[PDB]
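Chemist: before the rest arrives, take these chain(s) from the complex:
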Amino acid sequence: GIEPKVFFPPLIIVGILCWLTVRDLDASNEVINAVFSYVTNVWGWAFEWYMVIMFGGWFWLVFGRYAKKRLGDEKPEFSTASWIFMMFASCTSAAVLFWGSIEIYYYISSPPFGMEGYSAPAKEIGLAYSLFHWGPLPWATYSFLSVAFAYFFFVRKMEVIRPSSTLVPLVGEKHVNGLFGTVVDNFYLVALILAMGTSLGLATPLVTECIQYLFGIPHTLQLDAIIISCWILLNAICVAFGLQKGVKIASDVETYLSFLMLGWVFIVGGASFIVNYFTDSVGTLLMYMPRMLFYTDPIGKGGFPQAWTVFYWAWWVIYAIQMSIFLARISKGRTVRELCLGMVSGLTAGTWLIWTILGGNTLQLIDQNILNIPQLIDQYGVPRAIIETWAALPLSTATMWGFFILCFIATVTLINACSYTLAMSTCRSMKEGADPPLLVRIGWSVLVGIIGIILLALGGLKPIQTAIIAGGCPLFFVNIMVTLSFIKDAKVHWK
């Protein structure tokens, strides 16, 4: 049974946002590029203090009165080996192969700190910035929530699907099940939908360029509309006929494949450089870290932090509860100090590995003038430029297959987990473990695709960026509210 309380509002709005946008894709990019410019240039610092304060809680968790506190109070389900590996595995997606490949070009073209284009000082700081946006520092700002939920799930033995179920000890039962609790759940879902809808906007064009390389078929917006539909079908069949087995295997193979391609690119993409460059960019990270963390550039108005630093932070703000729930669900029976520790390590190892192998590889192709990225981007768009970095490797076809398969099924498990995440939080609380209403699952998977297409239809990265930054604005609060509950609540039932 559905919950009209949280079902109808987002479906209306997300329907409306499509309506106005799809009606005139010219005026949209005149406001898409106007909404983005506003938020980042005046509220960019808000995200950054958020990321430096949640960073404080990390040290407070590890070194506070809750450090040796054990959540759940029993033996863990997983061995540390499997447990760590499950985090290590969760770092594979479509958007990562996308960012892991091209992010270094944008750091090297128009660098931060007023450095010159393609300068050596810019190639120094190039990788080091990826290690910052995707390192132990944003992962640390997830620990407060992953501990929060693992606390609620296991210490307080409750069960939350929607975040409002956590705000009980700050606004009381009156507000929670009232209007206040629905305003946040309507927001959280809408912002979630955009965020997950953008993951498709990044995913499909990667998958289609692989297709264009292996099969020769022309990359068109009409083709992007196909694969998305085929993904809906693939998932619609998978849910209806149970098939929860096969999806898990595919998700397994995606992980084990991800290691092969990384190992591949690392092996033949100059292993000597990558190790050196990494080493050189770890020390460059640690030195400039407080500068990157508090960057706004108000005196030169370069636009770097606003472009990358705050937009990433908005991408991190969003998937907080989304991912912190996951980390909580698996960190059963552990103590909060060893959660935050094994988490940050195991995660960072996954993300650092990708950006250095893929990014350090991309740099070499720019360095050795093998490839002209600015030309490819102006002509065919971003995902083409990325695909050609993969193509500039020995055994291109086997490689492009290796990514094609990867970048494909990585989105299949993305859509399957998405429809689930929504339908559970969209319907009414049935018995836990049960599968969401088969039909409502489908509907969301289609509702996303429309957005994904539109985001592809508008063209460029700006719609993606603006969609997530927008969604990151309310979830800015929602995230703190969930933490403020734990902090308040744990002050009572833990000591």
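Modeler: That came through, no problem. Numbering: from 1, shown residues only, chains lettered A, B, ... in the order given.

Chemist: Distance check, the residue lying closest to residue A:289 once chain neighbours are set aside against residue A:199.
Modeler: Ranked by C-beta to C-beta, 6 or more residues apart in numbering and with sequence neighbours excluded, the top spatial neighbour of residue A:289 is residue A:132, at 6.6 Å. (C-beta placed from N, C-alpha, C; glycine too.) Remark: distance between residue A:132 and residue A:199 (C-beta to C-beta, to the nearest Å) = 22 Å.

Chemist: Please apply the same query to residue A:292.
Modeler: 25 Å.

Chemist: more neighbours, these two?
Modeler: Using other C-beta atoms under 10 Å, the more surrounded residue of residue A:292 and residue A:199 is residue A:199, with 25 against 21.

Chemist: Report the contact partners of residue A:43.
Modeler: residue A:473 (C-beta atoms under 8 Å, 6 or more residues apart in numbering).

Chemist: sorry, back to before: which element, helix or strand, includes the residue nearest to residue A:289?
Modeler: Assigned by DSSP states H and E, residue A:132 belongs to helix A:120-133.

Chemist: contacts for stretch A:285-304?
Modeler: Contacts for stretch A:285-304 (C-beta under 8 Å, 6+ apart): A:44-45, A:48, A:51-52, A:110-114, A:125, A:128-129, A:131-132, A:135, A:137, A:305-306, A:309.

Chemist: Can you list the buried residues in that stretch?
Modeler: A:285, A:288, A:292-293, A:295-297, A:302, A:304 (16 or more other C-beta atoms under 10 Å).

Chemist: Chain B should go on the structure too:
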Amino acid sequence: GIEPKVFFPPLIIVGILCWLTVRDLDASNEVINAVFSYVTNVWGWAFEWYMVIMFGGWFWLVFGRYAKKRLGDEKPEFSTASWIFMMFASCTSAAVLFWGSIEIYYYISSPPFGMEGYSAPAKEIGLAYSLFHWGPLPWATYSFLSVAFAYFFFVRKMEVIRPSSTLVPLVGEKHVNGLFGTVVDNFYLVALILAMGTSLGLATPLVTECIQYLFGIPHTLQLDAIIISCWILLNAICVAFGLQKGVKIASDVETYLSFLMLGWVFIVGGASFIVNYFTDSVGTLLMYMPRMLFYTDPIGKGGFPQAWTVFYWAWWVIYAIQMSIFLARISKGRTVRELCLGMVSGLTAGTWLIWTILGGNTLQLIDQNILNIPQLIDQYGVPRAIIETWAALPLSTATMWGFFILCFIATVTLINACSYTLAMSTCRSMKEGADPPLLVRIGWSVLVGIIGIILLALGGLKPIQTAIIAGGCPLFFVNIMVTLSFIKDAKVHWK
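Modeler: Chain B, in position alongside the others:
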């Protein structure tokens, strides 16, 4: 009853120092600018190691065997809210509005690290340096003494007026009440007198420029002599007729006003920039902090640390016992870890707030070419240039009133507290709580004014700088001696 032991010596010397100086104000500035150049350029590092070693004791206090040690051993007098606020309030003065306004111009004109004048790299480091000289780092070097006195006052239940009363457990009763104990008290008072006499040299010209703006009356040395005298009268009346009520209210209003003007300048002086710039200058601070802390420039001989970094340190060395006593008197019944913590935080919040609002505002006026600071300074002097930064705000007259009143009464409470601090430490130990000999109180307030006038008479900042750096030389030692007592003494009666 007076104490000729400590009364006569300083009165003689300070009388003499006026005599020689006021007799030929040309040769004075030939030695004023010669004494300054010597001390900073060869003993500048001495101050800095002092500030880095006392900084070490902070961490030793917080993380040492004295951390959870409680001084006084009872419930505190104040709630943390009031207690913190009392520190927050103590950051208002006349010299701060002076430095908070113009300090950034000197960092931006001739910057450190060999940077070019008015360069973007210089506007980056501009504010960040103020956050360093007036941040949690110099405040941390007060904690060792504030804990020392709060220890002596409350653990050892004694009562010190003069610092020599603390040196009992390192030189014994023979030296303390002998010649050694008087040499330091004669020094401590003389250096105190100069230091408090310089606070007037910074105060009056601010007050007079406000007068020149609102009333039109010409700023003259003859006018500076008036207000000072009127301040003596205002305080002479206030002490004689009790009036300890009204002074406390005025001191209250000064605080509550200080917030209004800051809030004002912050509201209409571009709140967007100030927040950004602050954020950008916090990260710039943390990154270059060990460089600023150990700066001497021996290879380029630029003269930056000597000019600002060591002169500020000398200003910090002086008011140590002066301020650490204050912090001790109020931190009653607290533990040394929570003193050092709430202190550094509450204080820094007060000082950081000022320098960023006032300094970040001043920069904008330079940036947008609204104002020409170097011209104003060459023509009318510093305090005029500062006044015009305030005048370049919407509702200038209401603003200039808001500062006029502020910058006025801030010096009234400064003179009232001064005469008290001296007369108590100048006379004999009466019953605690009693008011110092009514007449001797007046005499000191006049003895200061003569210096203040002379320091105004000599013109320029150099006499101020040289007067405090000179006073900071002996108090360099005196401060350590008081700490070495606590360290030695606490090793005995605490464990």
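
Chemist: The contacts of stretch A:285-304 again, this time with chain B added?
Modeler: A:44-45, A:48, A:51-52, A:110-114, A:125, A:128-129, A:131-132, A:135, A:137, A:305-306, A:309, B:120, B:123-124, B:273, B:276-277, B:279-280, B:282-287 (C-beta atoms under 8 Å, 6 or more residues apart in numbering or on different chains).

Chemist: For these, I'd like a selection string for PyMOL - just the buried members, please.
Modeler: Buried members of the contacts of stretch A:285-304, defined by 16 or more other C-beta atoms under 10 Å in any protein chain shown, are picked up in PyMOL with:
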select buried, (chain A and resi 44+45+48+51+52+110+111+112+113+125+128+129+131+132+135+137+305+306+309) or (chain B and resi 123+124+273+276+277+279+280+282+283+284+285+286+287)
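
Chemist: before we move on, the earlier item: so the helix holding residue A:132, near chain B or not?
Modeler: No. Helix A:120-133 lies out of reach of chain B by C-beta under 8 Å from any C-beta of the partner chain, never closer than 12.0 Å.

Chemist: Which positions in the stretch 51-200 of chain A make contact with chain B?
Modeler: residue A:114.

Chemist: And the closest residue to chain B within the stretch 51-200 of chain A, its phi and psi?
Modeler: Relative to chain B, the nearest point of the stretch 51-200 of chain A is residue A:114 (6.3 Å; C-beta to the nearest C-beta). Backbone torsions for residue A:114, taken as degrees, to the nearest 10, come to phi 70, psi 10.

Chemist: you'd agree it is up against residue B:124?
Modeler: No. The pair residue A:114 and residue B:124 does not pass the contact test of C-beta atoms under 8 Å, sitting 9.1 Å apart.

Chemist: Among the contacts of stretch A:285-304, which lie within helices?
Modeler: A:44-45, A:48, A:51-52, A:125, A:128-129, A:131-132, A:137, B:120, B:123-124, B:273, B:276-277, B:279-280, B:282-287 (DSSP state H).

Chemist: Kindly incorporate the sequence below as chain C:
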Amino acid sequence: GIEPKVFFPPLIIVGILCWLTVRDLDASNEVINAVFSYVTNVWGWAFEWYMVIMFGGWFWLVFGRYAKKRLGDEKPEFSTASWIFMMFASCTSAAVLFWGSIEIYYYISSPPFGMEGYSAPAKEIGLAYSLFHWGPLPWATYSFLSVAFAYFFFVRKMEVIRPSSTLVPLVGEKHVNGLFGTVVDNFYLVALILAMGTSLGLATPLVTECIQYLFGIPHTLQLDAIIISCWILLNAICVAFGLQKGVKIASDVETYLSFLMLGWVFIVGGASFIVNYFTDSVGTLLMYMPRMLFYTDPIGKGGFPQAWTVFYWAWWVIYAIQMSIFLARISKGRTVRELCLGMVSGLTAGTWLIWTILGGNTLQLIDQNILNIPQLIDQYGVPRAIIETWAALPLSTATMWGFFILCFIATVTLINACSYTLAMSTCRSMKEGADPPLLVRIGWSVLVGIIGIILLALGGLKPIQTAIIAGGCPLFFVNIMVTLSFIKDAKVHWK
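Modeler: That brings us to chain C, laid onto the chains above:
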């Protein structure tokens, strides 16, 4: 009685390595300069991660479950005053006067970070780099082994001469006394021999230039062959006739002399600058430290870290067990936290003192154009250039004596301790405290001299550098293996 197990192999190889090298000193420098270029440019990072991971164990020792653990479990033999001083004294040698003098010139000529030659930014970072290569950071990476041995010697009460006697709890008794345990001991000795043979290559030319200055006799390779032989004789007489008394006195005088010459150069070599420069280079160190620690320069290919940073690390990797044994033997009855603490402090104070006095002095001579280092080096070689820095001081002859004597006997105690270190580890385990077989002691002292001569014969620093880097490759492992034993073993008999 000798141990043919570990006697014959190194004697064969080291004999062979002389054979091939001494047969054609032209082709040798074509491979000497080829082996060096390979290892550093591709395995340089291996050394650096080693130095950053062992650096991690330091903090793990101080803050881990072994922190308050006491090794030996009794009162220490030495008072802390003597104990610290014994570390302070151990920092005197011939190679240090060599590196302490000329190292700053190489940092100032062709600086790191792509800085320009003789730039002010290069004179800033000049000293700060010495404080890094010879500071608390490489000393911290010795603590894990010094605690390891002090653990084995005193907790496990065993006695190790050869490192293989420590690998008992990871490869079992089968491997230890088998082939595996001999492969490492053959390696450890060979690499030791080269490392100690290089200390002579640095020592003699210093001693001979002093001779050329005081006595006028021409510096020739034939003369270098003399002094070395005379050193063998001096030690051959010293061992045969007991004389363990006189050697200890000479070693005492060398220490007490070392302070005189440092104090001398510090007194008349501009004490004002040295204090300033030091202060300025401590803050420069702390700021760039993570950059220096993780430097590889893969994007500019300057060659700085490979030249200095990895070659020093290889010099540190080697003397680990050599020096960690020493520190262990004296740190009897102490707790591991107070070992690591007093060690790092007492040591660094010794090394920092030298490089700043000698290096900060050398810089001034370059700065004030008193001396032309590049000309002297091209013409007479390095040790001449160093000698002239000493000669550019007031009372040159008394100074050059002061170094001559120092730089002489410093090598006498170096050869005496060397033959002992080898012969003990070369022969069979007699009763501890006994003197090694009188004859085999001599033989090694000669075997070294041949290398030293050859290393002088090949000319330049490259043979020295290549000899130690080569020896540092296997001992890279050996060092970890000894630590992995302690870590494993202490997990059992300590908790």
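
Chemist: What about the buried residues of stretch A:285-304 again, now that chain C is present?
Modeler: For stretch A:285-304, the neighbour count (16+ other C-beta under 10 Å) marks A:285-299, A:302, A:304 as buried.

Chemist: what does the helix holding residue A:132 rub up against?
Modeler: By C-beta under 8 Å, 6+ apart, the list of residues contacting helix A:120-133 reads A:100, A:103-104, A:107-108, A:111-113, A:115-116, A:277-278, A:280-282, A:284-285, A:288-289, A:292-293, A:308-309, A:312, A:352, A:355-356, A:359-360, A:363, A:367, C:114, C:299-300.

Chemist: Give me the distance between that helix and the centre of its chain.
Modeler: Offset of helix A:120-133 from its chain centre (C-alpha atoms, centre = their mean, to the nearest Å): 21 Å.

Chemist: show me the contacts for residue A:485.
Modeler: A:148, A:166-170.

Chemist: repeat that with 6 Å
Modeler: A:166-167, A:169-170 (C-beta atoms under 6 Å, 6 or more residues apart in numbering or on different chains).

Chemist: Mind putting those residues into a markdown table with distance to chain C, neighbour count and secondary structure?
Modeler: Formatted as a markdown table, the contacts of residue A:485 follow (distance: C-beta to the nearest C-beta, whole Å; neighbours: other C-beta atoms under 10 Å in any protein chain shown; DSSP: H, G, I helix; E, B strand; the rest coil):
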| residue | distance to chain C | neighbour count | secondary structure |
| --- | --- | --- | --- |
| A:166 | 35 | 26 | helix |
| A:167 | 38 | 21 | coil |
| A:169 | 36 | 19 | helix |
| A:170 | 36 | 15 | helix |
